[PDB]
>>> print(open('protein05.csv').read())   # CSV, C-alpha atoms and all ligand atoms
chain,number,residue,atom,x,y,z
A,1,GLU,CA,-5.0,8.9,-5.4
A,2,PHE,CA,-2.0,8.8,-3.1
A,3,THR,CA,-3.6,10.9,-0.3
A,4,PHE,CA,-4.4,11.0,3.4
A,5,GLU,CA,-8.2,10.9,3.9
A,6,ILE,CA,-9.5,11.5,7.4
A,7,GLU,CA,-12.0,8.6,7.5
A,8,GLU,CA,-13.2,9.8,10.9
A,9,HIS,CA,-12.4,12.5,13.3
A,10,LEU,CA,-12.5,11.5,17.0
A,11,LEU,CA,-11.3,14.4,19.1
A,12,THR,CA,-9.7,17.9,19.0
A,13,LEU,CA,-7.0,18.4,21.6
A,14,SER,CA,-6.1,22.0,20.9
A,15,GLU,CA,-6.1,24.8,18.3
A,16,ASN,CA,-3.6,27.6,17.7
A,17,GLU,CA,-4.5,31.2,16.9
A,18,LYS,CA,-3.7,30.4,13.2
A,19,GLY,CA,-6.5,27.8,13.2
A,20,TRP,CA,-4.4,24.6,13.1
A,21,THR,CA,-5.5,21.8,15.3
A,22,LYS,CA,-4.2,18.9,17.3
A,23,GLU,CA,-6.7,16.0,16.5
A,24,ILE,CA,-7.2,12.3,16.9
A,25,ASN,CA,-8.6,10.9,13.7
A,26,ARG,CA,-8.8,7.6,11.8
A,27,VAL,CA,-6.7,8.4,8.7
A,28,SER,CA,-6.4,6.5,5.5
A,29,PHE,CA,-3.4,6.6,3.2
A,30,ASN,CA,-4.0,5.8,-0.4
A,31,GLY,CA,-7.2,3.8,0.2
A,32,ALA,CA,-5.4,1.5,2.7
A,33,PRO,CA,-7.1,0.7,6.0
A,34,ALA,CA,-7.6,3.8,8.2
A,35,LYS,CA,-5.2,3.9,11.1
A,36,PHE,CA,-5.4,6.0,14.3
A,37,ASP,CA,-3.6,9.2,14.0
A,38,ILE,CA,-2.8,12.1,16.3
A,39,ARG,CA,-1.5,14.9,14.3
A,40,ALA,CA,-1.6,18.7,13.6
A,41,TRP,CA,-4.1,19.7,10.9
A,42,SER,CA,-4.4,22.9,8.9
A,43,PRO,CA,-7.7,24.8,9.1
A,44,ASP,CA,-9.1,23.7,5.8
A,45,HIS,CA,-7.5,20.3,6.5
A,46,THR,CA,-5.5,20.1,3.2
A,47,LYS,CA,-2.0,20.5,4.8
A,48,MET,CA,-1.3,18.2,7.8
A,49,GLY,CA,1.5,18.4,10.4
A,50,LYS,CA,3.7,16.1,12.5
A,51,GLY,CA,2.3,13.3,14.7
A,52,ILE,CA,2.3,9.5,15.2
A,53,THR,CA,0.1,6.8,13.7
A,54,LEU,CA,-1.1,3.9,15.8
A,55,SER,CA,-1.9,0.3,15.1
A,56,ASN,CA,-5.0,-1.0,16.8
A,57,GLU,CA,-3.4,-2.7,19.7
A,58,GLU,CA,-1.4,0.4,20.5
A,59,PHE,CA,-4.4,2.6,20.6
A,60,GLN,CA,-6.4,0.0,22.4
A,61,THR,CA,-3.5,-0.6,24.9
A,62,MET,CA,-3.4,3.1,25.3
A,63,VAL,CA,-7.1,3.7,26.0
A,64,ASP,CA,-7.4,0.8,28.4
A,65,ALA,CA,-4.6,2.4,30.4
A,66,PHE,CA,-6.5,5.7,30.5
A,67,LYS,CA,-9.2,3.6,32.1
A,68,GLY,CA,-7.8,1.1,34.5
B,1,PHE,CA,21.1,17.7,19.7
B,2,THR,CA,20.1,16.4,23.2
B,3,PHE,CA,17.0,14.9,24.8
B,4,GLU,CA,15.9,13.4,28.1
B,5,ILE,CA,13.3,10.8,28.9
B,6,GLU,CA,12.2,12.2,32.3
B,7,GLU,CA,9.3,9.9,33.0
B,8,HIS,CA,8.1,6.8,31.2
B,9,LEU,CA,4.3,6.3,31.3
B,10,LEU,CA,3.3,3.5,29.1
B,11,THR,CA,4.7,1.2,26.4
B,12,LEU,CA,2.2,0.4,23.7
B,13,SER,CA,4.1,-1.9,21.4
B,14,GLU,CA,6.9,-4.3,20.8
B,15,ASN,CA,8.4,-4.6,17.3
B,16,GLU,CA,10.0,-7.3,15.2
B,17,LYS,CA,13.4,-5.6,15.7
B,18,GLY,CA,12.8,-4.5,19.3
B,19,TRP,CA,11.4,-1.0,18.9
B,20,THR,CA,8.8,0.2,21.4
B,21,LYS,CA,6.1,2.8,21.0
B,22,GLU,CA,6.0,4.7,24.2
B,23,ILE,CA,4.2,7.6,26.0
B,24,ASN,CA,6.7,9.5,28.0
B,25,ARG,CA,7.7,12.9,29.3
B,26,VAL,CA,10.6,13.9,27.1
B,27,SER,CA,12.7,17.1,27.2
B,28,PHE,CA,14.4,18.1,24.0
B,29,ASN,CA,17.5,20.3,23.8
B,30,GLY,CA,17.1,21.4,27.4
B,31,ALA,CA,13.5,22.5,27.0
B,32,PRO,CA,10.8,21.5,29.5
B,33,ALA,CA,9.6,17.9,29.2
B,34,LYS,CA,6.3,17.6,27.2
B,35,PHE,CA,4.2,14.5,26.9
B,36,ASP,CA,5.5,12.6,23.9
B,37,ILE,CA,4.5,9.5,21.8
B,38,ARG,CA,6.9,7.9,19.3
B,39,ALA,CA,8.9,4.8,18.4
B,40,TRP,CA,12.1,4.1,20.3
B,41,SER,CA,15.1,1.9,19.5
B,42,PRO,CA,15.8,-0.9,22.0
B,43,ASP,CA,18.4,1.4,23.5
B,44,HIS,CA,16.4,4.7,23.4
B,45,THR,CA,19.1,6.6,21.5
B,46,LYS,CA,17.2,6.6,18.3
B,47,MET,CA,13.6,7.5,17.6
B,48,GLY,CA,11.1,8.1,14.8
B,49,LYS,CA,8.9,11.2,14.5
B,50,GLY,CA,6.1,11.6,16.9
B,51,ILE,CA,3.6,13.9,18.6
B,52,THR,CA,4.2,16.1,21.6
B,53,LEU,CA,1.5,17.5,23.8
B,54,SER,CA,0.9,20.2,26.4
B,55,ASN,CA,-0.6,19.0,29.6
B,56,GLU,CA,-4.0,20.5,28.8
B,57,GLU,CA,-3.8,18.7,25.5
B,58,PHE,CA,-2.8,15.5,27.2
B,59,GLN,CA,-5.6,15.6,29.9
B,60,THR,CA,-8.1,16.6,27.2
B,61,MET,CA,-7.1,13.3,25.6
B,62,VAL,CA,-7.2,11.2,28.7
B,63,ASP,CA,-10.6,12.6,29.8
B,64,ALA,CA,-12.3,11.9,26.5
B,65,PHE,CA,-11.2,8.3,26.6
B,66,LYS,CA,-12.3,7.7,30.1
B,67,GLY,CA,-15.7,8.9,29.0
B,68,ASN,CA,-16.0,7.6,25.4
C,1,LIG,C1,20.3,13.7,15.8
C,1,LIG,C2,19.0,13.8,15.0
C,1,LIG,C3,17.8,13.8,15.6
C,1,LIG,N1,16.6,13.8,15.0
C,1,LIG,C4,15.3,13.8,15.8
C,1,LIG,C5,14.1,14.5,15.3
C,1,LIG,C6,12.9,13.5,15.1
C,1,LIG,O1,11.9,13.7,16.1
C,1,LIG,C7,13.6,12.2,15.3
C,1,LIG,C8,13.8,11.4,14.1
C,1,LIG,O2,13.1,12.0,13.0
C,1,LIG,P1,13.5,11.7,11.5
C,1,LIG,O3,12.9,10.4,11.1
C,1,LIG,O4,12.7,12.8,10.7
C,1,LIG,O5,14.9,11.9,11.3
C,1,LIG,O6,14.9,12.4,15.9
C,1,LIG,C9,16.5,13.9,13.6
C,1,LIG,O7,15.5,13.9,12.9
C,1,LIG,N2,17.8,13.9,13.0
C,1,LIG,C10,19.0,13.8,13.6
C,1,LIG,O8,20.1,13.9,12.9
>>> encode(input="protein05.csv", output="structure tokens")
Amino acid sequence: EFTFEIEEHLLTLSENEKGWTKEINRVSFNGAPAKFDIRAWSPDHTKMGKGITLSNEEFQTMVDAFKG
Amino acid sequence: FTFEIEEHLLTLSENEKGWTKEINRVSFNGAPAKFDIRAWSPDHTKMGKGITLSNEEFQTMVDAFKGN
């Protein structure tokens, strides 16, 4: 299907007046395992924007640091 | 094209070929530093695409993870 499916949405960091969003989601390319993704999303969610993907350790490393 | 890593906050990742995924305060092209997350060469002269965040966007992120 060659597409990016938001498996799960976690958080919404911002939103511009045009209705795009900065989100943190678990996102799945082409049926591959869902990775952690912080990215700009269009209102309907069809078009996505720029942003990084994270492996588990990266995210986990990250959140543990925002924690102690 | 110019940038500036003004503060390094956290390193999330090694890499087989020495890249590092980092959370930083980066300024691009003379613009005020924003919080920024991407991959960096071992010599931080090359990078991949990545997300940048306002501070409100960044704290919104940190908060949420402190609280789950
Ligand atoms: C000098 C230079 C910088 N950049 C910036 C913008 C991106 O955030 C990052 C690399 O992105 P890229 O993978 O799309 O080229 O570095 C380029 O994309 N191309 C260039 O030629």
>>> interface_residues(input="protein05.csv", of="chain B", to="chain A", cutoff="10 Å", atoms="only C-alpha atoms", output="PyMOL selection string")
chain B and resi 9-14+21-23+36-39+48-54+56-68
>>> atom_distance(input="protein05.csv", atom1="atom CA of residue 4 of chain B", atom2="atom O5 of ligand LIG 1 (chain C)")
16.9 Å
>>> residues_around(input="protein05.csv", residues="residue 27 of chain B", least_positions_apart="5", cutoff="12 Å", atoms="all atoms listed in the file", output="list in words")
residues 1, 2, 3, 4, 5, 6, 7, 8, 32, 33, 34, 35, 36, 52 and 53 of chain B
>>> residues_around(input="protein05.csv", residues="residue 4 of chain A", least_positions_apart="4", cutoff="8 Å", atoms="only C-alpha atoms", output="list in words")
residues 27, 28, 29 and 30 of chain A
>>> write_last_selection(input="protein05.csv", atoms="C-alpha atoms", output="mmCIF file, in the coordinates of the input")
data_model
loop_
_atom_site.group_PDB
_atom_site.id
_atom_site.type_symbol
_atom_site.label_atom_id
_atom_site.label_comp_id
_atom_site.auth_asym_id
_atom_site.auth_seq_id
_atom_site.Cartn_x
_atom_site.Cartn_y
_atom_site.Cartn_z
ATOM 1 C CA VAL A 27 -6.700 8.400 8.700
ATOM 2 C CA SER A 28 -6.400 6.500 5.500
ATOM 3 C CA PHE A 29 -3.400 6.600 3.200
ATOM 4 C CA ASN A 30 -4.000 5.800 -0.400
#
>>> atom_distance(input="protein05.csv", atom1="atom CA of residue 28 of chain B", atom2="atom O1 of ligand LIG 1 (chain C)")
9.4 Å
>>> closest_residue(input="protein05.csv", among="B:47, B:17, B:31, B:24", to="ligand LIG 1 (chain C)", atoms="all atoms listed in the file")
B:47
>>> atom_distance(input="protein05.csv", atom1="atom CA of residue 41 of chain B", atom2="atom CA of residue 3 of chain A")
28.7 Å
